[PDB]
Amino acid sequence: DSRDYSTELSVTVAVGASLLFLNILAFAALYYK
Amino acid sequence: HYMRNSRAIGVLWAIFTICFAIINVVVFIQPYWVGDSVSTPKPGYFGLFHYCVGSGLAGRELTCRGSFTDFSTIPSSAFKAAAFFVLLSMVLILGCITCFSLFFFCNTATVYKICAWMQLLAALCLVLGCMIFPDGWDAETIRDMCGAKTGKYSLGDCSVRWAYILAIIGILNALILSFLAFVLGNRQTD
Amino acid sequence: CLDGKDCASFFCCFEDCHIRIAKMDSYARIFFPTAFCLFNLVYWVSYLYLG
Ligand SMILES: CCCCCCCC/C=C\CCCCCCCC(=O)O[C@H](COC(=O)CCCCCCCCCCCCCCC)COP(=O)(O)OC[C@@H](O)CO
Ligand SMILES: CCCCCCCC/C=C\CCCCCCCC(=O)O[C@H](COC(=O)CCCCCCCCCCCCCCC)COP(=O)(O)OC[C@@H](O)CO
Ligand SMILES: CCCCCCCCCCCC(=O)OC[C@H](COP(=O)([O-])O)OC(=O)CCCCCCCCCCC
Ligand SMILES: CC(C)CCC[C@@H](C)[C@H]1CC[C@H]2[C@@H]3CC=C4C[C@@H](O)CC[C@]4(C)[C@H]3CC[C@]12C
Ligand SMILES: CCCCCCCCCC
Ligand SMILES: [Cl-]
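Protein chains in written order, with the numbering used here: chain Z, 498 to 530; chain G, 7 to 196; chain H, 143 to 193.
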């Protein structure tokens, strides 16, 4: 096997960052008085 | 609007808690924390307790060993401590999902605070696990698989795989959800 | 504590915390069923599918 881990790490950081920005969107809904 | 928005974000926070519990379970179970590299002598990967190593004959033939229910097979004490702390985090986050039921009877704000504390503690446990796990790389098995250059707190030839970065993501998600729970519990009081 | 509350008032629930003890059975009627149904799901999915 091609012992390289870039695409896997790429999708992982992508989904993690997506969850994190959508959490920050939850705060945008919250703190917006 | 105010009650509607608070209810909506509270439900979204519950879904986030469920998602983080899924993340914690999969990172604890799947043993893909660190993997081989092109320069590695012998192919394989290893998680918190389970580790698979290749025989090294231009084939896969991965021999796999390790299991949390038998601490003897775990390579090193640091691995044992990391596994225990991640298990404790799992117990806490799973406990939070159970507490959800208290919303039927108890006051909302107090239970929000209970989970805020639980999720903070789970984040701390995950932080401790991720901090102590690199200490075990000086064990003979990981050194043999990765090579002699690897040592304590040194990746060396081996490279990180998806489970470790997912663990870091879980730490951030847990801490931020804990803050969200605190703010919501204080916001419901108004 | 950006809301302006005290640290104890913000994080910890030190305002009345026990007074409500008689309602444990009402509490346990969901707390115990939920934990086990939740425990079984992680246990079974762990062995059959994830490992
Ligand atoms: C695979 C893992 C699955 C996880 C499964 C998790 C499920 C765990 C089991 C039971 C949960 C029971 C939840 C009961 C919530 C009911 C709470 C409720 O009645 O609504 C009000 C709003 O509360 C609230 O904002 C709380 C909202 C709670 C929202 C969370 C529950 C919905 C879970 C949706 C499922 C998504 C699954 C998707 C996973 C991919 C509060 O009442 P209330 O003011 O009148 O009282 C005032 C007081 O003085 C006397 O009651
Ligand atoms: C009968 C039923 C009633 C009893 C139930 C009691 C409930 C207890 C609960 C938790 C504590 C678990 C204590 C388990 C202690 C069991 C005793 C024990 O640990 O055995 C030692 C090692 O075993 C091991 O590696 C295993 C060590 C790890 C044990 C931890 C497993 C997870 C337990 C899950 C807890 C979830 C809680 C969630 C509740 C909400 C023996 O060493 P020894 O040199 O001879 O080996 C030589 C070598 O060549 C072979 O390993
Ligand atoms: C197998 C179950 C069959 C029976 C169905 C459940 C009975 C539902 C009938 C309503 C019961 C009810 O709400 O009153 C009991 C308490 C409140 O007590 P009270 O002080 O108002 O009298 O309020 C509560 O505690 C809410 C009821 C929660 C019951 C949870 C049942 C879980 C069953 C687990 C199955 C594995
Ligand atoms: C009380 C409630 C809220 C929490 C219950 C926590 C449960 C889900 C925990 C406690 C001990 C855990 C187990 C401990 C050890 C192992 C061995 C491992 O190879 C697969 C996962 C598995 C099988 C775990 C699955 C989840 C588990 C059963
Ligand atoms: C898709 C694989 C899900 C594995 C189990 C997740 C359990 C979440 C906590 C109940
Ligand atoms: Cl195991």
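We treat Cβ as the ideally placed atom computed from N, Cα and C, and that holds for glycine.
Partner residues on chain G for residue i, Cβ-Cβ distance less than 7 Å
{"i": "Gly193 of chain H", "result": "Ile35"}
{"i": "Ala177 of chain H", "result": "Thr104"}
{"i": "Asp145 of chain H", "result": "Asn192"}
{"i": "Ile172 of chain H", "result": "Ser107, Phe110"}
Partner residues on chain Z for residue i, Cβ-Cβ distance less than 8 Å
{"i": "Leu63 of chain G", "result": "Going along chain Z, no residue has its Cβ under 8 Å from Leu63 of chain G, so there is no contact; the nearest lies around 14 Å."}
{"i": "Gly41 of chain G", "result": "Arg500, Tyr502"}
Chain H contact residues for residue i, given Cβ-Cβ distances below 9 Å
{"i": "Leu100 of chain G", "result": "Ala177, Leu180, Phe181, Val184"}
{"i": "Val31 of chain G", "result": "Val184, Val187, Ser188, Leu192"}
heavy atom of ligand 4 below 7 Å from residue i C-beta
{"i": "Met96 of chain G", "result": "yes"}
{"i": "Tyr185 of chain H", "result": "yes"}
{"i": "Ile35 of chain G", "result": "yes"}
{"i": "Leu108 of chain G", "result": "no"}
{"i": "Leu180 of chain H", "result": "yes"}
{"i": "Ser73 of chain G", "result": "yes"}
{"i": "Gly193 of chain H", "result": "yes"}
{"i": "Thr104 of chain G", "result": "yes"}
{"i": "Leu93 of chain G", "result": "yes"}
{"i": "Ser188 of chain H", "result": "yes"}
Residue i: CB within 7 Å of a non-hydrogen atom of ligand 6
{"i": "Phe55 of chain G", "result": "yes"}
{"i": "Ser82 of chain G", "result": "no"}
Closer than 7 Å: residue i CB and nearest ligand 5 heavy atom
{"i": "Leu100 of chain G", "result": "yes"}
{"i": "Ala523 of chain Z", "result": "no"}
{"i": "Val510 of chain Z", "result": "no"}
{"i": "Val189 of chain G", "result": "no"}
{"i": "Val31 of chain G", "result": "yes"}
{"i": "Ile177 of chain G", "result": "no"}
{"i": "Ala87 of chain G", "result": "no"}
{"i": "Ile21 of chain G", "result": "no"}
{"i": "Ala128 of chain G", "result": "no"}
{"i": "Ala173 of chain G", "result": "no"}
{"i": "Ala169 of chain G", "result": "no"}
Where residue i meets chain G, residues with beta-carbon distance less than 9 Å
{"i": "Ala526 of chain Z", "result": "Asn11, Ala14, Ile15, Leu18"}
Neighbour list for residue i in chain Z, Cβ cutoff strictly below 9 Å
{"i": "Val44 of chain G", "result": "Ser499, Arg500, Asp501"}
Listed by chain order, chain Z residues near residue i by CB distance under 7 Å
{"i": "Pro49 of chain G", "result": "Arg500"}
Proximity test, residue i beta-carbon vs ligand 1 heavy atom, cut-off 7 Å
{"i": "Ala177 of chain H", "result": "no"}
{"i": "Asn113 of chain G", "result": "yes"}
{"i": "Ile15 of chain G", "result": "no"}
{"i": "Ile24 of chain G", "result": "yes"}
Taking a Cβ distance cut-off of 9 Å, strictly less, list which residues of the stretch 105-128 of chain G are near chain H, in chain order.
-> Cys105, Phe106, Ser107, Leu108, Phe110, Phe111, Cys112, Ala115, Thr116, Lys119, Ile120, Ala122, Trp123, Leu126
Cβ-based contacts, 7 Å cut-off: residues of the stretch 148-171 of chain G near chain Z = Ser165, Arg167, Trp168, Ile171
Output, in sequence order along the chain, the residues in the stretch 502-518 of chain Z whose CB is closer than 9 Å to any CB in chain G.
-> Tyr502, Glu505, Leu506, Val508, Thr509, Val510, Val512, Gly513, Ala514, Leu516, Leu517
Fully enclosed by the stretch 132-164 of chain G, which beta strand (DSSP E) runs are 3 residues long or longer?
-> none
How would the residue list near ligand 3 read, in chain order, if you kept each one whose beta-carbon is closer than 5 Å to any heavy atom?
-> Residues with their Cβ less than 5 Å from any non-hydrogen atom of ligand 3, running along the chain, are H:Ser168, H:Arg171, H:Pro175.
Interfacial residues, the stretch 174-191 of chain G to chain H, with Cβ spacing under 9 Å = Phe188, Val189, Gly191
Give every residue whose Cβ lies closer than 5 Å to any heavy atom of ligand 2, listed in chain order.
-> A residue is listed when its beta-carbon falls short of 5 Å from at least one non-hydrogen atom of ligand 2; in chain order these are G:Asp76, G:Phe77, G:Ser78.
Go through the stretch 73-129 of chain G residue by residue and report every complete run of the beta strand (DSSP E) that reaches 3 residues or more, in order.
-> none
Taking only runs of the beta strand (DSSP E) that begin and end inside the stretch 16-60 of chain G, which ones reach a length of at least 3 residues, in chain order?
-> 50-52, 57-60
Looking at chain Z, which residues of the stretch 15-26 of chain G have a Cβ within less than 8 Å of any of its Cβ atoms?
-> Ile15, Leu18, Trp19, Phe22, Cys25
Would you list, in chain order, the members of the stretch 147-161 of chain H that have their beta-carbon closer than 7 Å to a beta-carbon of chain G?
-> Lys147, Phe152, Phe153, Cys155
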